[PDB]
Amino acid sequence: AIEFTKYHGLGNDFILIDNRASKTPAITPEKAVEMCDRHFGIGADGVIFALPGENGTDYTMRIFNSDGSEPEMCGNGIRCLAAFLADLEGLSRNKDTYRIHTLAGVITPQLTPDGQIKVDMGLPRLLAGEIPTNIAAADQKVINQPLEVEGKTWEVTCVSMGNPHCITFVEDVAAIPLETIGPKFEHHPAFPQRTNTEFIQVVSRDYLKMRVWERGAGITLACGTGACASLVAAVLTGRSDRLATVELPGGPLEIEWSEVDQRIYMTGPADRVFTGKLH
């Protein structure tokens, strides 16, 4: 009986649920796992709920990963939700921005004239205790630090965008055996709440190629928080400028670590694919 709309942001695909009638998500994590199953269900990297605003926000977003876990933010999902909300509001919409409550804090997507969505993703979180990771002391940053994974030592940088990211810079990202090594990063003991893992090939100081093994979703075609975190990591390690294209398997995102306010801005598309109803 559940009605939904399928979206994707650069092939990071989501089931969107109009949940404006209640602050309680209309499906359980267990049901979301069934729904995200690509053969037996709808198939998605996650379920995103459009929920009532909290205080001084227009709406709230909660997201369940395809493994049923609930992360604190999702950049591609915020873009999809912004597009969904605009569709729900129709001609009642009277602004080009939404203030969206998330577990990580208030996130503000802006619908731009060319059809993209530009998102104020907030300040990046750089201390180990904020990731969280045990690679360093809680009040220390985590920049080009060692992480032993299956007996090979990787150089990693950790950044949180509300959710954890572990970024490593590589010479040939297409050559990374992502299916094998991804889960070994995700579940590494150094990450108490698991991590997302980004492998980054620096093409130039304004162009990064990224592949990701996501916490709770595995190999995805794109990750907005991960692209943000990777850009931050590239700046922290002196490898890139603060404005860059991040090329993902599904396409490009434009990432800016603003010098005006030190917040991360992420611009990309959001596509409506189909509307549906569960049997």
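Residue indices: 1-based, along the sequence shown.
A.B. asks: Please compare 91 to 99 with 192 to 200 and name the stretch with the higher mean C-alpha B-factor in the deposited structure.
C.D. replies: If you average the C-alpha B-factors of 91 to 99 and of 192 to 200, the larger mean comes out for 91 to 99.
A.B. asks: Quick check on the record: does 39 to 47 or 52 to 60 carry the larger mean Cα temperature factor?
C.D. replies: The deposited B-factors put 52 to 60 ahead on the C-alpha mean.
A.B. asks: Which one of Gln116, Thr168, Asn163, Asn76 shows the biggest C-alpha B-factor in the PDB entry?
C.D. replies: In the PDB entry, the greatest C-alpha B-factor among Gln116, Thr168, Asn163, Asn76 is found at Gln116.
A.B. asks: Which third of the chain does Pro146 land in by C-alpha B-factor: lowest, middle or highest?
C.D. replies: Ranked within chain, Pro146 CA B lands in the lowest tercile.
A.B. asks: Would you please rank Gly268 by its C-alpha temperature factor against the other modelled residues of its chain and give the third it falls in: lowest, middle or highest?
C.D. replies: Middle third of the chain for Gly268's C-alpha B-factor.
A.B. asks: Split into thirds by Cα B-factor across the chain's modelled residues, where does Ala234 land: lowest, middle or highest?
C.D. replies: Middle third.
A.B. asks: Among all modelled residues of this chain, ranked by Cα B factor, put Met210 in the bottom, middle or top third, i.e. lowest, middle or highest.
C.D. replies: Its C-alpha B-factor, which the entry lists for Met210, ranks in the lowest third among residues of this chain.
A.B. asks: Consider only the C-alpha atoms of the modelled residues in this chain, order them by B-factor as the entry records it, and name the third containing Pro252: lowest, middle or highest.
C.D. replies: Highest third - that is where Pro252 ends up once the chain's C-alpha B-factors are sorted.
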